[PDB]
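Colleague: Pasting a structure below so you can have a look.
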Amino acid sequence: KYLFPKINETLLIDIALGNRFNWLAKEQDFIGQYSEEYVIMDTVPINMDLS
Amino acid sequence: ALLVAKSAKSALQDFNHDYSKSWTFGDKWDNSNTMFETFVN
């Protein structure tokens, strides 16, 4: 009843925590900052009013 | 009154106006008092 107690082990519980997305992860190469895209809008055609 | 004299559904209404209506439903052509008297039909 006079000894300081003892610790026998620790185990370092760790979990790995995935992403659920990285098939979305494509890789640019760190140059430039502005990127953009664009579309053309629709044009409904018109009747032939020959007058 | 007569459907034949009605110029506003003819084929000239779609080429003077830029917009026209795309589909059609036909008509119920008559030969009553026209230049197309027909005894049987």
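Residue numbering restarts at 1 in every chain; chains get A, B, ... in the order shown in the structure tokens, and ligands count up from 1 in that same order.
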Mind checking which residues fall within 9 Å of residue 51 (chain A), counting only C-alpha atoms, ignoring those fewer than 4 positions away in the same chain, and posting them as number ranges by chain?
Modeller: B: 15-17
Colleague: May I have the residues from that selection written out with N, CA and C atoms, as a short mmCIF file (atom, residue, chain, number, x, y, z; two decimals), in the first residue's frame?
Modeller:
```cif
data_model
loop_
_atom_site.label_atom_id
_atom_site.label_comp_id
_atom_site.auth_asym_id
_atom_site.auth_seq_id
_atom_site.Cartn_x
_atom_site.Cartn_y
_atom_site.Cartn_z
N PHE B 15 -46.26 34.32 -94.22
CA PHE B 15 -45.05 34.80 -94.85
C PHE B 15 -44.92 36.32 -94.83
N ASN B 16 -45.99 37.03 -94.50
CA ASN B 16 -45.85 38.45 -94.18
C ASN B 16 -45.58 38.68 -92.70
N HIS B 17 -46.24 37.91 -91.84
CA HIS B 17 -45.94 37.96 -90.42
C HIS B 17 -44.72 37.11 -90.13
#
```
Colleague: Can you build me a table of chain B residues sitting at most 12 Å from chain A, with the closest atom pair per residue and its distance in Å to one decimal, using only C-alpha atoms, sorted by chain and residue number, as a Markdown table?
Modeller:
```
| residue | atom | partner | partner_atom | distance |
| --- | --- | --- | --- | --- |
| B:11 | CA | A:49 | CA | 10.1 |
| B:12 | CA | A:49 | CA | 7.7 |
| B:13 | CA | A:49 | CA | 7.4 |
| B:14 | CA | A:47 | CA | 5.7 |
| B:15 | CA | A:49 | CA | 2.7 |
| B:16 | CA | A:49 | CA | 2.9 |
| B:17 | CA | A:49 | CA | 4.6 |
| B:18 | CA | A:47 | CA | 4.7 |
| B:19 | CA | A:47 | CA | 5.1 |
| B:20 | CA | A:47 | CA | 5.7 |
| B:21 | CA | A:47 | CA | 8.6 |
| B:22 | CA | A:47 | CA | 8.8 |
```
Colleague: What gap, in Å, lies between CA of residue 6 (chain B) and CA of residue 36 (chain B)?
Modeller: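 Spanning CA of residue 6 (chain B) to CA of residue 36 (chain B) is a straight-line distance of 16.2 Å.
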Colleague: Distance CA of residue 26 (chain A)-CA of residue 40 (chain A), one decimal place?
Modeller: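 Answer for the CA of residue 26 (chain A) to CA of residue 40 (chain A) separation: 26.1 Å.
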Colleague: Mind checking DSSP for chain B and telling me the alpha helix (DSSP H) residues as an MDAnalysis selection string?
Modeller: chainID B and resid 13:16
Colleague: Restricting it to N, CA, C and O atoms, dump the selection as a PDB file, in the first residue's frame.
Modeller:
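See selection.pdb below for the written result:
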```pdb
ATOM      1  N   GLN B  13     -50.620  34.468 -94.813  1.00  0.00           N
ATOM      2  CA  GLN B  13     -50.578  35.061 -93.484  1.00  0.00           C
ATOM      3  C   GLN B  13     -49.331  34.658 -92.722  1.00  0.00           C
ATOM      4  O   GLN B  13     -48.968  35.313 -91.741  1.00  0.00           O
ATOM      5  N   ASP B  14     -48.684  33.583 -93.137  1.00  0.00           N
ATOM      6  CA  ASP B  14     -47.483  33.114 -92.471  1.00  0.00           C
ATOM      7  C   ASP B  14     -46.200  33.657 -93.076  1.00  0.00           C
ATOM      8  O   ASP B  14     -45.136  33.468 -92.483  1.00  0.00           O
ATOM      9  N   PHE B  15     -46.260  34.319 -94.221  1.00  0.00           N
ATOM     10  CA  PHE B  15     -45.048  34.803 -94.851  1.00  0.00           C
ATOM     11  C   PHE B  15     -44.921  36.317 -94.827  1.00  0.00           C
ATOM     12  O   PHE B  15     -43.839  36.838 -95.105  1.00  0.00           O
ATOM     13  N   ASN B  16     -45.986  37.035 -94.496  1.00  0.00           N
ATOM     14  CA  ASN B  16     -45.851  38.446 -94.182  1.00  0.00           C
ATOM     15  C   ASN B  16     -45.584  38.678 -92.703  1.00  0.00           C
ATOM     16  O   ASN B  16     -44.781  39.542 -92.348  1.00  0.00           O
TER      17      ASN B  16
END
```
Colleague: To one decimal in Å, tell me the separation between CA of residue 4 (chain B) and CA of residue 40 (chain B).
Modeller: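 CA of residue 40 (chain B) lies 19.6 Å from CA of residue 4 (chain B).
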Colleague: Near residue 5 (chain B), counting only C-alpha atoms, which residues have an atom at most 12 Å away, once you skip same-chain residues fewer than 4 positions from it, shown as a ChimeraX atom specification?
Modeller: /B:1,9-10,30,33-35
Colleague: I need the residues from that last selection saved to file as a short mmCIF file (atom, residue, chain, number, x, y, z; two decimals), in the first residue's frame (with N, CA and C atoms), if you can.
Modeller:
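Full text of result_28.cif as output:
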```cif
data_model
loop_
_atom_site.label_atom_id
_atom_site.label_comp_id
_atom_site.auth_asym_id
_atom_site.auth_seq_id
_atom_site.Cartn_x
_atom_site.Cartn_y
_atom_site.Cartn_z
N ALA B 1 -68.16 35.31 -94.43
CA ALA B 1 -69.13 34.27 -94.10
C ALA B 1 -68.66 32.92 -94.63
N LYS B 9 -56.74 32.84 -92.98
CA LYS B 9 -56.12 31.55 -92.74
C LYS B 9 -55.42 31.00 -93.98
N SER B 10 -55.19 31.84 -94.98
CA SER B 10 -54.55 31.38 -96.19
C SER B 10 -53.05 31.23 -95.97
N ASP B 30 -66.03 22.92 -98.09
CA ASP B 30 -67.39 22.86 -98.58
C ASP B 30 -67.39 23.23 -100.05
N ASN B 33 -71.79 27.12 -102.40
CA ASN B 33 -72.12 28.21 -103.30
C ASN B 33 -70.86 28.85 -103.81
N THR B 34 -69.96 28.02 -104.28
CA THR B 34 -68.64 28.43 -104.70
C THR B 34 -68.56 28.40 -106.22
N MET B 35 -67.34 28.57 -106.72
CA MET B 35 -67.04 28.24 -108.11
C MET B 35 -66.76 26.76 -108.30
#
```
